[PDB]
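Let me start by giving you these chains from the complex, positioned as in the assembled structure:
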Amino acid sequence: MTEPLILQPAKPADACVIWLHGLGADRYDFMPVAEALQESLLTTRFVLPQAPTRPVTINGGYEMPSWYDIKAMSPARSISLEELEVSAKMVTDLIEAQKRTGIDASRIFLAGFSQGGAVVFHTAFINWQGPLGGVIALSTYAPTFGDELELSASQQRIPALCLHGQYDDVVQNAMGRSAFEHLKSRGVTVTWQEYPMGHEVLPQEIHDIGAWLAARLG
């Protein structure tokens, strides 16, 4: 277990964002975004966990930072659900450990790009029972959502910001959109943003995220 990166804000922390990378990245991959975001969120800590290094099946059993195994790309987007649940669990433990440092749970946010965003949806809307600040889900989807999903009263109260590129060929706009609807249909306060891009992050995307968090902190 590689330890999460923790990036001190400018003033003392009274808020946190836990931010998970996608397949093959590491804890550094979203440092530049975190730091950019900390130019205006003055009291928000950014925690950047790293996924366990494990065989990835579409990559030939190549061992890399992975939240869960992907086994085929198509047709079936088939994944390891057990591993996914072990990660959702590790993230839950991260939320608890941030609370112990004195950050209030209404001011902890979970964020996730691609593979990472799949784990954030499961942790928030399947596992978590407390207050939470927000889910930000970048170029992602929720392979463990479906028509049987029911939210507790507490889970409905977690707002969610959902972002995607129009031209994503690895997680289709449609999948990103399905996860959003799933919660929209069910009462969750949830925003959708699309940008003209692929499976990546834009500056304007970061700006928007910065605006939504600050609105949630204020």
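Alright, I've got the coordinates. Residues are numbered from 1 along each chain as shown, chains lettered A, B, ... in the order given.

all contacts plus neighbour counts: C-alpha atoms, from now on.
Noted.

now the residue most central in space within chain A, which residues is it bridged with?
Of all residues in chain A, the one closest to the mean position by Cα atoms, centre = their mean is residue A:112, 2.2 Å from it. With DSSP bridges as the criterion, residue A:112 is bridged to residue A:20, residue A:137.

again with residue A:70
residue A:79.

Contact partners for it?
A:56, A:57, A:58, A:77, A:78, A:79, A:80 (Cα atoms under 8 Å, 6 or more residues apart in numbering).

For those residues, give me a markdown table that also has neighbour count and distance to residue A:46.
Shown next, in a markdown table, are the contacts of residue A:70 (neighbours: other Cα atoms under 10 Å; distance: Cα to Cα, whole Å):
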| residue | neighbour count | distance to residue A:46 |
| --- | --- | --- |
| A:56 | 20 | 27 |
| A:57 | 17 | 31 |
| A:58 | 12 | 31 |
| A:77 | 11 | 31 |
| A:78 | 13 | 31 |
| A:79 | 16 | 28 |
| A:80 | 13 | 28 |
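
Against residue A:140, how distant is residue A:166?
12 Å (Cα to Cα, to the nearest Å).

And residue A:70, by the same measure?
From residue A:70 to residue A:140 the distance is 14 Å (Cα to Cα).

Ok, residue A:1 next?
For residue A:1, the distance to residue A:140 - Cα to Cα - is 24 Å.

Neighbour count for those two, which is higher?
More crowded of residue A:1 and residue A:140, by other Cα atoms under 10 Å: residue A:140, with 31 against 8.

for chain A, what spans make up the strands?
Along chain A, counting by DSSP state E, strands occupy A:5-7, A:15-20, A:44-48, A:53-56, A:62-65, A:70-72, A:78-79, A:108-113, A:134-138, A:160-165, A:190-195.

With just CA atoms, put the third one into CSV.
Listed in CSV are the C-alpha atoms of strand A:44-48, where the atom choice follows Å, rounded to 0.1, in the frame of the first residue of the first chain:
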residue,chain,number,x,y,z
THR,A,44,-9.7,22.7,1.4
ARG,A,45,-7.3,19.7,1.8
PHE,A,46,-6.7,17.5,-1.2
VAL,A,47,-6.1,13.8,-0.6
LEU,A,48,-4.8,11.8,-3.5
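
In contact with residue A:37, which residues?
Shown in contact with residue A:37 (Cα under 8 Å, 6+ apart): A:206, A:207, A:210.

following sequence is chain B, add it:
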Amino acid sequence: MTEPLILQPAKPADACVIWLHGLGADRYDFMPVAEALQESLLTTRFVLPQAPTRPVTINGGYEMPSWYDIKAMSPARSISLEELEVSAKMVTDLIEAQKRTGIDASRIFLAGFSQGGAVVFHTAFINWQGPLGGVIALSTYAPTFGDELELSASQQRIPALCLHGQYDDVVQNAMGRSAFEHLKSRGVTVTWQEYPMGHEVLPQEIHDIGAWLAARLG
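Chain B goes in next, on the same frame as the chains above:
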């Protein structure tokens, strides 16, 4: 061993465009495009072969039309040089049958989308040592172009048109660009056109292709 789709032109054919589809698709994939172009190229025949049905490893051994095996994606890609060469070998066969039909090698063009393009690159610039009209590469790259790449006098004389999407997340824009650059350094007349799009084909791009061809046969 499924047979090609041959669309015959409005006038006696004196040219030929062999178009190979992408992974998982069939010989009907580009039939609409070929028909669009024929309304412009009035003497130009389109023969659309189909990739044989094989296991694809990265798709879980799911059997689907496939020009060669993709065994991994990242960080080192892995494919089947063997099946690539029997696909290459079978394009060259579609060519010397068009020749026998009574078409001249100088107005036979090869065209490829994605996995098809990597097969057309290998046949034009590695196997074929004769006259050829030209290669059209769409959203693709050249797994078999490396530093040791060396063209012959006749291969250098084949023109190419390389087209790609800015936000392609399946075959990185850079992978398509690198094929263009290996061909350019080696004396080949290549043209590169980029589009605001993912892994797909646009109307403009299909308009750009028809124009290119009308110049090649003009």
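
Take the contacts of residue A:70 again, chain B included.
A:56, A:57, A:58, A:77, A:78, A:79, A:80 (Cα atoms under 8 Å, 6 or more residues apart in numbering or on different chains).

tally of neighbours for the nearest residue to the last one once chain neighbours are set aside?
Think residue A:80. Distances taken as Cα to Cα, 6 or more residues apart in numbering or on different chains place residue A:69 nearest to residue A:80, at 4.9 Å, with adjacent residues excluded. Applying other Cα atoms under 10 Å in any protein chain shown, we find 22 residues neighbouring residue A:69.

Against chain B, how distant is residue A:69?
According to Cα to the nearest Cα, to the nearest Å, residue A:69 stands 12 Å off from chain B.

what residues does chain A put near chain B?
Within chain A, the positions lying close to chain B (Cα under 8 Å from any Cα of the partner chain) are A:57-60, A:62, A:71-75, A:167-170, A:197-199.

related to what we said a few turns ago, look up how far residue A:81 lies from the residue nearest to the centre of chain A.
For residue A:112, the distance to residue A:81 (Cα to Cα) stands at 17 Å.

that older thread, wait, the residue nearest to residue A:80 sits on residue A:82?
No - counting by Cα atoms under 8 Å, residue A:69 stays clear of residue A:82, with 9.3 Å between them.

what's the residue of chain A positioned farthest from its centre in contact with, if anything?
Distance from the C-alpha centroid of chain A, by Cα atoms, centre = their mean, peaks at residue A:60 (25.8 Å). The contact partners of residue A:60, by Cα under 8 Å, 6+ apart, come to B:58, B:71, B:72, B:73.

Need the nearest residue in space to the last one, chain neighbours excluded.
Once flanking residues are discounted, residue B:73 sits nearest to residue A:59: 5.2 Å by Cα to Cα, 6+ apart.

what number of residues lie near the one you found?
24.

so who does residue A:210 touch?
Here residue A:210 is in contact with A:37, A:40, A:41 (Cα under 8 Å, 6+ apart).

likewise residue A:173?
By Cα under 8 Å, 6+ apart, the contact list for residue A:173 reads A:139, A:164, A:165, A:166, A:167.

wouldn't the third one be in contact with residue A:199 here?
The reference is to residue A:165. Yes - contact criterion Cα under 8 Å: residue A:165 and residue A:199 qualify, at 6.5 Å.

Can you check which residues contact both of those two?
Residues touching both residue A:165 and residue A:199 by Cα under 8 Å, 6+ apart: residue A:139.

now residue A:77: how far from residue B:173?
Distance from residue A:77 to residue B:173, by Cα to Cα: 24 Å.
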